[PDB]
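Protein chains: 2
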Amino acid sequence: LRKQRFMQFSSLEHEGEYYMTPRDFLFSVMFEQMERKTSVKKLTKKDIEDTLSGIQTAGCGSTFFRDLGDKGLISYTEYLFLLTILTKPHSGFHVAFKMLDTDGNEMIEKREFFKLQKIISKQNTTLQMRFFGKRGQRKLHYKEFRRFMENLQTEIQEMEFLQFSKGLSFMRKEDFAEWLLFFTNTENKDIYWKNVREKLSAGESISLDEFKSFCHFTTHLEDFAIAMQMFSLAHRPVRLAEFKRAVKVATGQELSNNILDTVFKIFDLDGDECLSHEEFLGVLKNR
Amino acid sequence: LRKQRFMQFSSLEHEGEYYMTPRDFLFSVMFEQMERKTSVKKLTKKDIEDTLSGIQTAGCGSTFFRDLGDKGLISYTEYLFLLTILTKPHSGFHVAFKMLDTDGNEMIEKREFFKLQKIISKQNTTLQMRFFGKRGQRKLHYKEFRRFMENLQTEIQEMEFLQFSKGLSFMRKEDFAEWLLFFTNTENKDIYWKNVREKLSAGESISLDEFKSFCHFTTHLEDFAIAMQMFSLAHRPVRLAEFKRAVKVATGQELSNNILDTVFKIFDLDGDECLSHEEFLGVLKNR
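First to last, the protein sequences are chains T and R.
Numbering (the authors' numbering) for the first sequence: 85 to 207, 231 to 394.
Numbering (the authors' numbering) for the second sequence: 85 to 207, 231 to 394.
Written out as structure tokens, the structure reads:
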């Protein structure tokens with residue numbers, strides 16, 4: 085029923101063709117319940133020039149949505165298209181491109197409408236403008252498409268960093284708990300709150316790189332879990348350095364001990380300073 | 085009882101000499117109730133090198149607190165010293181400097197301790236380090252002191268901008284309502300919410316300059332009110348252009364009609380499109 089949610093956060097509709105503002109989406113992925121819209125504004129057909137006027141100054145980097153800020157053409161189809169690229173690790177990236185016609189955008193331009201017409205059988232966008240110029244112009248090959256993949260992932264990731272560090276460039280090790288708790292959704296288990304309230308010492312912080320890497324690590328969650336099959340069945344709880352080289356070869360993204368020690372310090376309720384499979388992975392499969 | 089609040093947000097104490105982290109203060113002025121500290125950390129006397137190590141990379145501009153991020157020596161005395169410079173407009177700036185010995189920091193160095201000893205009769232800081240080098244070295248004249256005044260005002264102002272625009276460089280005209288409502292504290296009067304819900308159209312946004320100017324305009328609130336005495340007793344409600352030139356000569360800071368029209372559109376409940384004294388000023392004196 086994602087469509088019904090898409091109606092909630094969206095406030096721009098055209099004969100039922102609800103267009104999403106760039107902010108609504110970013111709010112649909114950051115916040116969970118927001119209702120202040122009270123608007124059917126876009127009916128005046130300013131849309132056809134509204135977006136194209138403002139997209140001409142878009143930041144191709146990690147600000148492609150932090151540059152427009154609630155003005156842009158985002159269709160419900162494209163909305164879901166971001167949801168699927170939300171969860172793609174590096175592995176699926178080439179495949180997600182290869183899932184499309186893979187013969188260059190000459191065969192992938194129509195795939196956009198094909199993306200649209202797919203939802204129809206089931207029953231001028233900002234991206235298409237950035238992907239195909241004005242009327243199907245730009246030849247957005249894989250790497251160019253891949254560029255748009257990672258930064259937009261980083262973007263939603265990055266903006267999340269501020270929402271917990273309250274804008275400051277540093278996130279208290281205690282703040283980093285809620286994000287994990289908001290991730291694992293096992294927050295009602297006070298034992299972890301009991302764990303963090305004493306085991307964690309309110310001290311230094313975590314920068315964006317250490318957090319953005321960790322968030323990216325979870326994008327590759329599965330490949331890590333498989334590399335932990337031999338140990339999970341062995342039930343031997345993992346040590347820090349073991350866990351580092353593990354996630355190293357698992358995701359390809361190194362982490363900082365300043366994170367995982369806390370991750371250990373919060374997830375090692377057994378008190379052995381070693382993460383068994385049911386300790387970390389067990390709660391991670393709550394959602 | 086501000087001291088009792090200072091205890092809440094602070095988490096670093098030394099024989100009762102509670103030192104404030106740079107973030108606690110910024111959280112004490114942005115948030116209102118926060119309790120996650122659970123720490124008496126600084127007892128290990130790492131403080132004497134903790135701050136001085138990190139302050140060496142401080143951004144002298146509008147990031148002097150967005151540069152350290154919860155590591156710094158902020159005394160309860162200095163805490164209040166920021167509270168008083170929080171509310172100073174440009175007028176009091178020279179005076180606030182002139183309230184001190186005014187004979188150059190040679191007579192103003194001791195004023196820092198004098199600031200401290202003042203609270204004692206009543207019953231190595233980060234700033235002093237930035238104000239007097241290491242042991243009473245730097246001669247922070249007025250303009251240099253004034254530099255620290257405005258940016259720190261801008262800083263707390265700026266960080267507030269993100270907290271409502273949710274990090275995005277643009278603040279929805281609807282977001283700008285709550286800030287005013289959080290300012291006027293007349294939010295329980297649904298008529299304004301009734302006003303904004305229909306009169307305001309969810310559309311374009313407001314940048315930082317238009318907001319930071321407006322926030323600065325309220326720093327000079329009184330001088331504006333006096334320039335409105337002749338009109339308030341006249342009871343004639345003010346027009347936009349009239350209001351512009353008014354706040355122009357009042358604060359010295361021009362605004363954008365995109366703000367005040369909404370301010371009009373939200374505060375003109377009488378429906379005459381003209382702000383009477385009791386309309387705007389009347390609710391502004393609620394706090």
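Even for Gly, the Cβ is constructed at its ideal location relative to N, Cα and C.
Buried versus exposed, by CB contacts within 10 Å (16 or more), residue i
i	result
residue 228 (chain T)	Missing here is residue 228 (chain T); chain T as given proceeds from 207 to 231 without the residues in between.
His342 (chain R)	exposed
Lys392 (chain R)	exposed
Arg89 (chain R)	exposed
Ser205 (chain T)	exposed
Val370 (chain T)	buried
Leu85 (chain T)	exposed
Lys155 (chain T)	buried
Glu196 (chain R)	buried
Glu262 (chain T)	buried
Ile139 (chain R)	buried
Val179 (chain T)	exposed
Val354 (chain R)	buried
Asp379 (chain R)	exposed
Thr168 (chain T)	exposed
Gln336 (chain T)	exposed
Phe198 (chain T)	exposed
Spatial neighbours of residue i in its chain, beta-carbon cut-off 7 Å, leaving aside the 5 residues before and after
i	result
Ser312 (chain T)	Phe277, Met278, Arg279 and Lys280
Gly243 (chain R)	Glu193
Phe374 (chain T)	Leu382, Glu386 and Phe387
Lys372 (chain R)	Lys306 and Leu307
Under 7 Å from the C-beta of residue i: neighbouring residues of chain R
i	result
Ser276 (chain T)	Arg150 and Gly153
Straight-line gap, residue i to residue j (C-alpha atoms, nearest Å)
i	j	result
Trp300 (chain T)	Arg352 (chain R)	55 Å
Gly359 (chain R)	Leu367 (chain R)	16 Å
residue 216 (chain R)	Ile333 (chain R)	Here residue 216 (chain R) is not present, the numbering of chain R passing from 207 to 231 in one jump.
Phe255 (chain T)	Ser175 (chain T)	15 Å
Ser137 (chain R)	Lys241 (chain R)	12 Å
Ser320 (chain T)	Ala348 (chain R)	52 Å
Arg304 (chain T)	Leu388 (chain T)	22 Å
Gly188 (chain T)	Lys246 (chain T)	7 Å
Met114 (chain R)	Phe93 (chain R)	12 Å
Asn231 (chain T)	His248 (chain R)	58 Å
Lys306 (chain R)	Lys296 (chain T)	45 Å
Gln201 (chain R)	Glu101 (chain R)	14 Å
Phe268 (chain R)	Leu170 (chain T)	27 Å
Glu162 (chain R)	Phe181 (chain R)	15 Å
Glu133 (chain R)	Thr233 (chain R)	11 Å
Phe238 (chain T)	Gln260 (chain T)	17 Å
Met236 (chain T)	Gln264 (chain R)	36 Å
residue 218 (chain T)	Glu116 (chain T)	Since chain T is numbered 207 and then 231, with no step between, residue 218 (chain T) has no place in the structure shown.
8 Å Cβ shell around residue i - same chain, five flanking residues per side excluded
i	result
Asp377 (chain R)	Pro344, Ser383 and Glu386
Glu97 (chain T)	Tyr103, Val124, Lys126 and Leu127
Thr105 (chain R)	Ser94, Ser95, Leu96, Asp154, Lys155, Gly156 and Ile158
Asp151 (chain T)	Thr141, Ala142 and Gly143
Contacts that residue i makes with chain R (C-beta to C-beta distance below 9 Å)
i	result
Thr369 (chain T)	Simply none; closest approach about 14 Å.
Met266 (chain T)	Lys273, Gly274 and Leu275
Contact set between residue i and chain T, taken where Cβ atoms lie within less than 8 Å
i	result
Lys125 (chain R)	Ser308, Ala309 and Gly310
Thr261 (chain R)	The premise fails here: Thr261 (chain R) is roughly 14 Å from chain T at the closest Cβ pair, so nothing lies under 8 Å.
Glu281 (chain R)	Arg120
Contacts that residue i makes with chain R (C-beta to C-beta distance below 8 Å)
i	result
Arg254 (chain T)	Here the premise fails: no neighbours, minimum Cβ distance about 21 Å.
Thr122 (chain T)	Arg304, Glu305 and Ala309
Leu269 (chain T)	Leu269 and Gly274
Sequence-distant residues of its chain with Cβ nearer than 6 Å to residue i (five each side left out)
i	result
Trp286 (chain R)	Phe271
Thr326 (chain T)	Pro173
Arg253 (chain T)	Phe177
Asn292 (chain T)	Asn393 and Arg394
residue 209 (chain T)	Placed between 207 and 231 in the numbering, residue 209 (chain T) has no coordinates, as chain T goes from one to the other without interruption by modelled residues.
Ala309 (chain R)	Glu281
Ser363 (chain T)	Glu317
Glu294 (chain T)	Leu288
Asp108 (chain T)	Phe93 and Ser94
Residue i: CB within 7 Å of a non-hydrogen atom of the ligand FMN
i	result
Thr326 (chain R)	Looking at this structure, you won't find the ligand FMN or any other ligand, since it has none at all.
Closer than 9 Å at the beta carbon, the chain T residues around residue i
i	result
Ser95 (chain R)	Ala309
Could you list the residues in the stretch 104 to 116 of chain R with a C-beta less than 9 Å from some C-beta on chain T, going in chain order?
Listed by position, the residues of the stretch 104 to 116 of chain R near chain T (Cβ gap below 9 Å) are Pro106, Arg107, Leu110, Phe111, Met114 and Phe115.
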